[PDB]
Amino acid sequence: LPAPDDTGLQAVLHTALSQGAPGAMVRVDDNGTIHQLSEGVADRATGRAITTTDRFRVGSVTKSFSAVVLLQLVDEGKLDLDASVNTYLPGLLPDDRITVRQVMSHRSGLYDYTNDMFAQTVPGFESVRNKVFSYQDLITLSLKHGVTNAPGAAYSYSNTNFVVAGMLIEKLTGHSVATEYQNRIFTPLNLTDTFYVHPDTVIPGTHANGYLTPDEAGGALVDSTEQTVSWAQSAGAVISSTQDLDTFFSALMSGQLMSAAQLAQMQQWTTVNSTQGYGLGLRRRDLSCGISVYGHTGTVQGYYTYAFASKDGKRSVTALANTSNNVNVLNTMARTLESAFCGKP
């Protein structure tokens, strides 16, 4: 690969701050040589600086953790990707036709209940931040709406899919998702900054605070750091660090977390758009210089995450901005992948 471009990474972070991120940071693990940059503040009220060791909420990056657990269950003979969801969770869905593979790739047609919750950004956050939901509560909220398409038909993102994934993990293992993440992923990879504490609202240890951008332009930011994330759970509640998400996606792509057969299934791409695909709890992004990278993005209130690795896991990058509901910031932070993988123009 080309050399990572630290001047370009520095410019991306400075642009994100100019667009409303209180703080922004990035860590690259380039085959054993570390790159680490940060600019701005973890806490905008106290002024404490952000750093690449600050813990944060990874949002839908959590789905890659859920998918790894489910694909290990396929390796163990406990789960068949082409069986019906209802085979394992009787009576759950009105269509006994929807399969596990379809949920894991966002091809199920299940309505995304969070489009009801967050029609208004700050009111919807204030509504859910201190609520505790069961998995079944969230499925019932989805099923108030009919499906949006035929099973298998189209990519349509829905958090409901990885609520189903959490329910499958707990049903088939007899354990909580926190126990399965710890035993199958966090402990074997020594992810000392990585946690699943739901429904606790505290982020353990030194962390970046999250700042939710209101829908009104120029409105005051809302501290969204402490919430249950119970509206997402196995779709979005993991806490981690840049070093630990680099370790995780490098281990995944280098073949340490499942059989070769299941990794191959995880990388069967469904088209998202002309430069992106979706596998099984895994995203592919095609970069300008002809390189593809693999991993996941996350959005949870106050935190935007990108965490991607090269095909062989030898270069990994994790970037974090501690704001959300700011599409300019989101789009700017994607440029860290260009600078880290494609290097200087």
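The first residue of the shown sequence is 1; numbering continues from there.
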Which of the two stretches, 61-69 or 285-293, shows the higher mean Cα temperature factor in the record? 285-293
So 192-200 or 111-119, which one's hotter by mean CA B-factor in the entry? 111-119
Residue with highest C-alpha B-factor in the PDB entry, from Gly124, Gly255, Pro214, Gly166: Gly255
Going by the CA temperature factor in the entry, name the top one among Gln182, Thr99, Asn130, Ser105. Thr99
What third of the chain, by the recorded C-alpha B-factor, contains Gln10? middle
Assigned third (lowest, middle, highest) for the C-alpha B factor of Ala220: middle
Could you tell me which third, lowest, middle or highest, the C-alpha B-factor of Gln276 occupies within its chain? highest
With respect to C-alpha B-factor, does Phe248 fall in the lowest, middle or highest third of the chain as deposited? lowest
Check where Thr46 lands among this chain's C-alpha B-factors and tell me if it's the lowest, middle or highest third. highest
